[PDB]
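Presented below, as structure tokens, is a lone chain in the form deposited in one PDB entry.
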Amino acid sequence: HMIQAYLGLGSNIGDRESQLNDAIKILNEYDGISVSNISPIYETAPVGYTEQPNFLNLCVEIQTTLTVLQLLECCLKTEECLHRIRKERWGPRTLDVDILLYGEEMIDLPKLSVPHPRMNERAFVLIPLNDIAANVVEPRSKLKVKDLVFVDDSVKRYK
């Protein structure tokens, strides 16, 4: 039995589009993960620390038989495969893979919160997520993504 989950991907170092497309390929290669939907890519001004490069961001849907922790380990392993060496949470990275949603399940462990607890105020997440998951309910707010998404000029259609 598979569950539907959503991942947020980001890159702001180097050939960002290549790193994102390699990430999707690698995610689809883990036993127990199948990438089932892919959003458009957006180019986005960096949020937080601004003296760093512009990001490309997208979202994917996966069908997975993995538990949430097994899925997290696959996300981190993918970052390692793309040579994410920097680990300053505020700083640049070759690849970031974040778990956004895992069905309607909710957890807030010290080091793992799903739904991702910052997604609802990030246009760099909600805009691509709405492209693939408009009618999906975000279980904290209990609102559909299409009712969370908002306009943001710092998020531009890329490609």
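Note that residue numbering follows the sequence shown and begins at 1. We call the rigid core whatever largest set of C-alpha positions still superposes within 1.5 Å between the two forms.
On average the C-alpha atoms of 133 to 141 have higher B-factors than those of the other stretch, with 133 to 141 and 6 to 14 being the two compared. Higher mean CA B-factor, judged across 99 to 107 and 86 to 94 from the recorded values: 86 to 94. Annotation for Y30: C-alpha temperature factor in the highest third relative to the rest of the modelled chain, per the entry. Among all modelled residues in its chain, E61 ranks in the lowest third by Cα B-factor. Remark: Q70 belongs to the highest third of its chain, ranked by C-alpha B-factor as recorded. Sort the chain's modelled residues by C-alpha temperature factor and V125 lands in the lowest third, per the entry. Placement of the Cα temperature factor of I41 within the chain: middle third of the modelled residues, per the deposited record.
Same protein, other form: the form deposited in another entry, not shown, and the subject of what follows.
The Cα position of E80 differs by less than 2 Å between this form and the one not shown after fitting on the rigid core.
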